[PDB]
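Asks: requesting a structural model of the entry that follows:
(8 chains, ligands or ions: 3)
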Amino acid sequence: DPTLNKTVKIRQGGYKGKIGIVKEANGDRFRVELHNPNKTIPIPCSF
Amino acid sequence: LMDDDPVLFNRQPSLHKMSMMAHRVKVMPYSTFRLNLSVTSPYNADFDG
Amino acid sequence: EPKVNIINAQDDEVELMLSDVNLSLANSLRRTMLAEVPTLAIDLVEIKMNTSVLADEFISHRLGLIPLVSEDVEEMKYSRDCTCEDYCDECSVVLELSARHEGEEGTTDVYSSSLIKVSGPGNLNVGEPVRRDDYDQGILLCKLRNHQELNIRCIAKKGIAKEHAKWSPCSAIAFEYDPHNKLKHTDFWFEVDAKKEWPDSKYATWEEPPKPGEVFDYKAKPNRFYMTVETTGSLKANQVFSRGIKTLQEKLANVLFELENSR
Amino acid sequence: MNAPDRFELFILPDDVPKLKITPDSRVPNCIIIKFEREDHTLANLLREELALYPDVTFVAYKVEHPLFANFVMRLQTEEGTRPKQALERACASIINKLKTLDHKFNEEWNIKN
Amino acid sequence: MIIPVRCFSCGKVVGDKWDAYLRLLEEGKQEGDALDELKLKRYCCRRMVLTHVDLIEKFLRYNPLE
Amino acid sequence: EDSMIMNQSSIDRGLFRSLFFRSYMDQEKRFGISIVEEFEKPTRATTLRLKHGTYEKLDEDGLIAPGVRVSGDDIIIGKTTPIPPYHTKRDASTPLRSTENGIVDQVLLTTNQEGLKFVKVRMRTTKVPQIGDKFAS
Amino acid sequence: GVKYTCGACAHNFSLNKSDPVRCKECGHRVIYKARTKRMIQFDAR
RNA sequence: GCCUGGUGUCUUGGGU
Ligand SMILES: [Zn+2]
Ligand SMILES: [Zn+2]
Ligand SMILES: [Zn+2]
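Replies: Numbering: from 1, shown residues only, chains lettered A, B, ... in the order given. Ligands and ions are numbered 1, 2, ... in the order given. The structure is reproduced below:
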């Protein structure tokens, strides 16, 4: 997949506007390591 | 691990048999183990660390 | 039937007596003003340069605590409810700060008055860091010495105190009732004589002492609740009391809606 | 690391109803109302109001665990009245009292302005 | 480290009163009276100003690392 | 039984919050006349038995830069050792401790008494009081 | 290539790893990496 | 295109 480890911004949801990095991109549901709190979240690709 | 699974719970030093009793899991937020207060006595447990 | 008698008033605190209501309503009003009255507060800090002696999130943490003018916040949407792509003019205020010390001597103190509003939902009066006067520099953020620079971009968002205490419009809420303990809701601790050892309420002269003969009225209920609402300047005191009532109404309204729709 | 999101206190998940009514068939005319994403703030307000109505024979609530923002209320009424209807009446009374209360504060406020 | 923005216990803003407090001490006022003039009446707010220790003046002396 | 309730709003305004700092040190070792380890971003094609974590936060000098957030098992110092008798080296890199996270704060680069390259990476994070943390009068 | 900073005189310069580890200006042997190009965000909580 | 290895022996300081 061509978007792992590239920096990302979230445009919908409660985490809208936050920076992150794609930690794991298995399918449809991504794992973004958010920068702002020390947590890695599951998130849909539309976001 | 899910609700009502039995697990064996234990505090060292295991001086007698009620140092190891089976409890039912309830999954909860935050990172401590929670005990109902009336079991602190057989474990000789308290919450000072 | 509820009655109000305002004992004192000024911009940032209202002292008032509340009467002919239930205890639970006075308490729910107290809680709502602390916890659920929306305000505006910094919630995202983009640090492009920070060569000061303070750590990055330390400075960011102080920024979140700066009270912002939140007067027109009711027409503003929550970020989580907006239909747009990333942020925009309808769900956030953008603030900017830039300080620097030129010269090999002395210290440049960075104050909250250097926060410059850059955009915002015009022409609503929201987003300026609150000031007492016009010559008041405000809240100390950092201190700089020769060649140290601080250049940050802050995103302010609408929120409520349930999520984080920086969004609370109140500070303390003083609250008391029945200064002579006629209802007997407390049983006083004493060494020798309970009346001499316990100080008087500051509202002792607003109600009359129990007569020495008087029997206990087991039907009397609490009925007069004196409270003082102090604010931080993010909202005026009269707005907080009004919006507390308003917010509490929609919550009850929302419950009422759900019952007539579940059938 | 295991702290839950603080916004979960008031934001309702899409598959979770704000309000759920079930019967308590063990006694006649009794319902259990589960309130999601609410506090003592709402609950205590409704509870006292309801208790002063003549046709409410039992009202109580508990917040079962402070780490979860919910509570459950139990409401039993006598045979004539339907509990769910009585709850609507309690709601409208308080909305009215607060509307009145907001009005009387505004009037008194301008005089001190 | 540097004066807190808010009182921990009640939330009243105290981060704008630190400069005013040091100036009052030069004029010879006693600590209790200085706090009184600033209208910090509850003792939760008073602890914040009375017991803060200003270490940032010491950290700035270490000649900048750029 | 000796626990205590803390006011969550006090924590929000900064009560008992603290900084935490951890430093990692590494240096190049000598195994022969011209056989030395080398700081670099190791290419997967030329180095065997690579770690499972991400290498994408290293710059070209083999060192991570200040300001980048790191999580557990991320590589922050890339170093290789050649295999004795291409495709000749073995990874000898240092990952962040698995239970930690934070921001890289400062990276020292220098040489030691023996003249080989020498680095230190200090990481900072902030610890916020929570259920289970310990306090005492 | 990579920005550095002199621990004594604060001159900025680059090095492509094979250069010796010193400051061009004063010869100081303690140097520091400059901060990342990327933007850093914090939640101010 | 599945598998996937990072040390030991001490000493010292601590927790209940
Ligand atoms: Zn918007
Ligand atoms: Zn205080
Ligand atoms: Zn130099």
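Asks: all helices of chain E, in order?
Replies: The residue ranges that make up the helices of chain E, judged by DSSP state H, are E:18-26, E:31-37, E:43-50, E:56-60.
Asks: and for the stretch 151-263 of chain C?
Replies: Under the criterion DSSP state H, counting those that start in this stretch, the stretch 151-263 of chain C contains helices at C:194-197, C:237-262.
Asks: nearest to residue C:153, out of the ones you listed?
Replies: Distances from residue C:153 to each of those were compared by C-beta to C-beta, and the smallest falls on helix C:237-262, at 28.9 Å. Yep, even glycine has a C-beta here, placed from its N, CA and C like the rest.
Asks: any residue of the closest one up close to chain D?
Replies: Yes. Among the residues of helix C:237-262, C:238, C:241-242, C:245-246, C:248-249, C:251-256, C:258-260, C:262 lie within reach of chain D under C-beta under 8 Å from any C-beta of the partner chain.
Asks: tell me the most buried of the helices of chain E?
Replies: When the helices of chain E are scored by mean count of other C-beta atoms under 10 Å in any protein chain shown, the highest mean neighbour count falls to helix E:43-50 (a mean of 18).
Asks: CA atoms only for stretch C:7-18, dumped as CSV, please.
Replies: C-alpha atoms of stretch C:7-18 as CSV (Å, rounded to 0.1, in the frame of the first residue of the first chain):
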residue,chain,number,x,y,z
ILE,C,7,-27.9,41.2,46.6
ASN,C,8,-24.9,42.6,44.7
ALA,C,9,-23.7,42.8,41.1
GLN,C,10,-20.8,43.7,38.9
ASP,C,11,-19.2,42.5,35.7
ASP,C,12,-17.6,39.3,36.8
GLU,C,13,-19.6,38.2,39.8
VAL,C,14,-23.3,38.2,40.8
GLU,C,15,-24.3,37.5,44.3
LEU,C,16,-28.0,36.5,44.6
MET,C,17,-30.7,34.9,46.6
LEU,C,18,-32.8,32.2,45.0
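Asks: the spatially most central residue of chain B pairs with what?
Replies: Within chain B, the residue whose C-alpha comes closest to the C-alpha centroid is residue B:9; the distance, by C-alpha atoms, centre = their mean, is 4.8 Å. Partner residues in beta bridges with residue B:9: residue B:21, with DSSP bridges as the criterion.
Asks: state the distance from it to chain F.
Replies: Residue B:9 sits at a distance of 17 Å from chain F (criterion: C-beta to the nearest C-beta, to the nearest Å).
Asks: residues contacting residue 38?
Replies: Using chain A here. The neighbourhood of residue A:38, defined by C-beta atoms under 8 Å, 6 or more residues apart in numbering or on different chains, consists of D:1, F:71, F:101, F:102, F:125.
Asks: um, chain G though
Replies: So residue G:38 contacts A:7, F:67, F:68 (C-beta under 8 Å, 6+ apart).
Asks: and the buried ones among those residues, selectable in ChimeraX?
Replies: In ChimeraX, selecting the buried portion of the contacts of residue G:38, with burial taken from 16 or more other C-beta atoms under 10 Å in any protein chain shown, looks like this:
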select /F:67,68
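Asks: deepest of the helices of the stretch 151-263 of chain C, which one?
Replies: Stretch with highest mean neighbour count among the helices of the stretch 151-263 of chain C: helix C:237-262 (a mean of 18; mean count of other C-beta under 10 Å).
Asks: burial of the residue in chain G that chain E sits nearest to, as a residue count?
Replies: Nearest residue of chain G to chain E: residue G:10, at 5.1 Å (C-beta to the nearest C-beta). Residue G:10 is surrounded by 16 other residues when neighbours are defined as other C-beta atoms under 10 Å in any protein chain shown.
Asks: how many residues are close by the nearest residue to residue F:131 once chain neighbours are set aside?
Replies: The shortest distance from residue F:131 to any non-neighbouring residue, by C-beta to C-beta, 6 or more residues apart in numbering or on different chains, is to residue B:30 (4.4 Å). Number of residues near residue B:30 (other C-beta under 10 Å) recorded here: 13.
Asks: and the one 5 residues further on, by the same measure?
Replies: Burial measure for residue B:35: 15 neighbouring residues, criterion other C-beta under 10 Å.
Asks: residue C:37 reaches residue C:241, doesn't it?
Replies: No. Applying C-beta atoms under 8 Å, one finds residue C:37 not in contact with residue C:241, separated by 9.5 Å.
Asks: against residue F:126, how distant is the residue of chain D at minimum distance from chain F?
Replies: With C-beta to the nearest C-beta, the shortest gap between chain D and chain F falls at residue D:3, namely 6.2 Å. Counting by C-beta to C-beta, to the nearest Å, the gap from residue D:3 to residue F:126 is 14 Å.
Asks: compare the two (neighbour count), which wins?
Replies: Neighbour tally, residue D:3 and residue F:126, criterion other C-beta under 10 Å: the higher count belongs to residue F:126, 17 against 13.
Asks: what's opposite that one in the beta bridge?
Replies: Legend: beta-bridge partners of residue F:126 under DSSP bridges are residue F:19.
Asks: surely it touches residue F:18?
Replies: Yes. The pair residue F:126 / residue F:18 is scored as a contact, 7.4 Å apart, by C-beta under 8 Å.
Asks: coming back round to it: looking at the contacts of residue A:38, which are in helices?
Replies: Assigned to helices by DSSP H, none of these qualify.
Asks: now the buried members of the residues you listed.
Replies: Under a neighbour-count criterion of 16+ other C-beta under 10 Å, the subset of those counted as buried comprises F:71, F:101, F:102, F:125.
Asks: residues near residue C:57, how many?
Replies: Other residues within reach of residue C:57, judged by other C-beta under 10 Å, total 22.
Asks: just give me the neighbour total for the residue lying closest to it once chain neighbours are set aside.
Replies: On the basis of C-beta to C-beta, 6+ apart, the spatially nearest residue to residue C:57 that is not a chain neighbour turns out to be residue G:42, at 4.9 Å. The local packing count at residue G:42 equals 24, with neighbours defined by other C-beta under 10 Å.
Asks: residue G:42 pairs with what?
Replies: Taking DSSP bridges as the rule, residue G:42 bridges to residue C:45.
Asks: quick check: it touching residue C:43?
Replies: No. Taking C-beta under 8 Å as the definition, residue G:42 is not a contact partner of residue C:43, at 10.1 Å.
Asks: still on that earlier bit, residue contacts, the closest residue to the residue of chain G closest to chain E other than its chain neighbours?
Replies: Beyond its immediate neighbours in the sequence, the residue positioned closest to residue G:10 (C-beta to C-beta, 6+ apart) is residue E:66, lying 5.1 Å away. Listed by C-beta under 8 Å, 6+ apart, the contact set of residue E:66 reads C:51, C:147, G:5, G:10.
Asks: so how many other residues sit close to residue C:95?
Replies: Residues within reach of residue C:95, counting by other C-beta under 10 Å, total 24.
Asks: what's the longest helix seen in chain D packed up against?
Replies: What stands out as the longest helix in chain D, according to DSSP H, is helix D:83-112. On a contact count with 3 or more C-beta pairs under 8 Å, 6 or more residues apart in numbering or on different chains; DSSP states H and E, helix D:83-112 meets strand C:3-9, helix C:23-35, helix C:237-262, strand D:30-36, helix D:40-51, strand D:70-77.
Asks: what's the following helix or strand after the fifth one?
Replies: Note on helix D:40-51: by DSSP states H and E, the next helix or strand toward the C-terminus is strand D:56-62.
Asks: direction included, what does that following strand pair against?
Replies: For strand D:56-62, the paired strands and their directions (DSSP bridges) are strand D:70-77 (antiparallel).
Asks: please list which of the contacts of residue A:38 are also close to chain C.
Replies: Restricting the contacts of residue A:38 to those near chain C by C-beta under 8 Å from any C-beta leaves nothing, as none qualifies.
Asks: any idea which of those residues is the one closest to residue E:53?
Replies: Using C-beta to C-beta, the contacts of residue A:38 come closest to residue E:53 at residue F:125, 24.0 Å.
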